[PDB]
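J.:
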Amino acid sequence: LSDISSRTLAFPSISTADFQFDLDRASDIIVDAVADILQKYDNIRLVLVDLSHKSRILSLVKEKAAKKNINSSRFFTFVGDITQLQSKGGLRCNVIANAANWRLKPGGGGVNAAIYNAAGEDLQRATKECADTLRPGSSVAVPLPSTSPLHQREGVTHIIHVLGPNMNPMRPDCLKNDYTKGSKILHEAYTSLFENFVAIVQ
Ligand SMILES: Nc1ncnc2c1ncn2[C@@H]1O[C@H](COP(=O)(O)OP(=O)(O)OC[C@H]2O[C@H](O)[C@H](O)[C@@H]2O)[C@@H](O)[C@H]1O
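The sequence shown maps to residues 95 to 296 in the authors' numbering.
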């Protein structure tokens, strides 16, 4: 097997800040999507990250993962900045997920701003070579050039942009609390993410 860092994905909670997706529902969906992928693929590790130790989504996911008896060597939560996992967290993760916007543009606050700021213009060049847009519930894997400061400092080799459902009425494709559709699309976003990650590993 390759090194563990090469088989580790760190991801943030998609859709639950700027996109205002309900945390209780999101946490159920995270744990179900994680359980589903770990049932299929060996030798991967998944790490849910959020910036604050008071994170409500981390607390919910921990509770639910314990109830569901998810294998805690293969999935766990971690407090940290997704762009500083090795340097500040002490945890090397080669692949990270981004909660993107549909046009795959930098900025916009949230984790998307942080990732593009850390990665620099290399990520915008590389992303434009892979895809021009995302639709909700889908993702795209982008190899991160070795010249990127994020690669040099944190060992990140790939970023997977993911577009989750949007519940925020001041953002594109707002679902107006259609959580039937919303829940399906967030399930799809996580499965798409995890499948892209597995396709990088194997
Ligand atoms: N540096 C970080 N490290 C780890 N987690 C973070 C970080 N920054 C935020 N989070 C967590 O990341 C999680 C997701 O929060 P969001 O980034 O709003 O994603 P969304 O899918 O709701 O909105 C996407 C839109 O916002 C974007 O700007 C795009 O431009 C889109 O327009 C939360 O748990 C955060 O606490």
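Cβ coordinates follow ideal geometry from the N, Cα and C atoms, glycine included.
Among the candidates 106, 215, 115, 145, whose CA atom is the shortest distance from the CA of residue 262?
T.: Residue mapping note: residue 262 aligns to position 168 of the sequence shown, counting from 1. It is 115.
J.: Report yes if the CB atom of residue 245 is closer than 7 angstroms to the CB atom of residue 192, and no otherwise.
T.: Locating residue 245 in the sequence shown gives position 151, counting from the first residue. Locating residue 192 in the sequence shown gives position 98, counting from the first residue. The answer is no: Cβ separation not under 7 angstroms.
J.: Since residue 102 sits in a beta bridge, which residues does DSSP pair it with?
T.: For the purposes of this step, residue 102 is taken as residue 8 along the sequence shown, with counting starting at 1. In the DSSP output, where bridge partners are listed per residue, residue 102 has 139.
J.: Any heavy atom of ligand 1 closer than 6 angstroms to the Cβ of residue 243?
T.: Looking up residue 243 in the sequence shown gives position 149. It does not: the Cβ of residue 243 is nowhere closer than 6 angstroms to a heavy atom of ligand 1.
J.: Could you check whether the Cβ of residue 110 sits closer than 6 angstroms to any heavy atom belonging to ligand 1?
T.: Counting from one through the sequence shown, the residue named residue 110 turns up at place 16. Checking every heavy atom of ligand 1 against the Cβ of residue 110, one is found closer than 6 angstroms.
J.: Assuming residue 177 and residue 198 form a contact by the criterion Cβ under 8 angstroms, report the distance between their Cβ atoms to the nearest whole angstrom.
T.: Within the sequence shown, numbered from 1, the residue matching residue 177 stands at position 83. Within the sequence shown, numbered from 1, the residue matching residue 198 stands at position 104. The Cβ separation is near 17 angstroms, so there is no contact.
J.: So is the beta-carbon of residue 122 under 6 angstroms away from any non-hydrogen atom of ligand 1?
T.: Your numbering for residue 122 matches position 28 in the sequence shown. Not so, every heavy atom of ligand 1 lies at least 6 angstroms from the Cβ.
J.: On the three-state DSSP scale, how would you describe residue 257?
T.: As a first step, residue 257 is located in the sequence shown; it is residue number 163 there, counting from the start. Residue state, collapsed to three classes: strand.
J.: Ligand 1 and residue 205: does any heavy atom of the ligand fall closer than 6 angstroms to the residue's C-beta?
T.: Position 111 of the sequence shown, counting from 1, holds the residue named residue 205. Yes, ligand 1 has a heavy atom inside 6 angstroms of this Cβ.
J.: At 4 residues or longer, what runs of the alpha helix (DSSP H) sit wholly inside the stretch 205-230?
T.: If we require 4 residues or more, the alpha helix (DSSP H) runs fully inside the stretch 205-230 come out as 215-224.
J.: Shorter than 6 angstroms, the distance from the beta carbon of residue 106 to the closest heavy atom of ligand 1, or not?
T.: As a position in the sequence shown, residue 106 is number 12, starting the count at 1. At least one heavy atom of ligand 1 is nearer than 6 angstroms to the Cβ of residue 106, so yes.
J.: Less than 7 angstroms between C-beta atoms, sequence neighbours within five positions excluded: which residues of the same chain meet that for residue 249?
T.: Position 155 of the sequence shown, counted from the first residue, corresponds to residue 249. These residues qualify, in order along the chain: 99, 180, 186, 188.
J.: Rank 117, 204, 219 by C-alpha distance to the C-alpha of residue 153 and give the top, closest one.
T.: Along the sequence shown, one-based indexing puts residue 153 at 59. For the residues 117, 204, 219, the minimum Cα distance to residue 153 belongs to 117.
J.: From what residue to what residue does the alpha helix (DSSP H) around residue 125 run?
T.: Sequence index remark: in the sequence shown, residue 125 carries index 31 (1-based). It spans 117-134 - the alpha helix (DSSP H) in which residue 125 sits, taken as one unbroken run.
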